[PDB]
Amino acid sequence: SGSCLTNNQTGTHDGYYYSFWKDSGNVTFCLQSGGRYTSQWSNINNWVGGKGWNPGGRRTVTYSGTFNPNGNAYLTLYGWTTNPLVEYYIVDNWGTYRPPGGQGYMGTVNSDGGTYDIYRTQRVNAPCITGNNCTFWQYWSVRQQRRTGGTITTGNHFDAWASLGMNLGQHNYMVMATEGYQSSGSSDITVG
């Protein structure tokens, strides 16, 4: 049994941690069975959410499902660390915009049968886990080719990032998320 959420919320469902956040707009985030969740969004500015773990860390994440963006949206492992404060992404799929627009390219890393471009970008006046209006660095791993489903060996990415001076702090949550920006669409993802 699961409920569909329309307001920001975090918790645990069917053994999996989940985080659902948006600054404004309409998103229906449904807690399906096990590690599954579905989402449908529209009339939004920004939103991100999914099922996963808290805390995150080195892990072989397995996920599957569908991703149907109508504009700008990402299908990505998403998490945070503190001290330092970092927002990280391991993007497997995207819509009309491939993040982060090539900004802050650092190199590449091979993992789970694919090659990912690595980027590091800074954010300002942005919401973060420790409050609102924060500034912090974002670490990115973006697949060179779109994919919807497979394994994501987080350690492979964390290590490449570290080698490039992109160090992580104490792990907070880590989920297989769907993110949207001024767009609409849907997703159906099961994590393990």
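The first residue of the shown sequence is 1; numbering continues from there.
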*So which stretch wins on mean C-alpha B-factor, 124-132 or 162-170?*
124-132
*For the listed residues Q32, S42, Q138, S141, which one has the largest C-alpha B-factor as given in the deposited model?*
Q32
_Chain thirds of CA B-factor: placement of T76_ = lowest
*Could you say whether, by C-alpha temperature factor, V61 belongs to the lowest, middle or highest third of its chain?*
highest
_Ranking the modelled residues of this chain by C-alpha B-factor as given in the entry, is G107 in the lowest, middle or highest third?_
middle
*In terms of the CA temperature factor given in the entry, to which third of its chain does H157 belong: lowest, middle or highest?*
lowest
*Using the B-factors in the PDB entry, rank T178's C-alpha atom against the chain and give the third, lowest, middle or highest.*
lowest
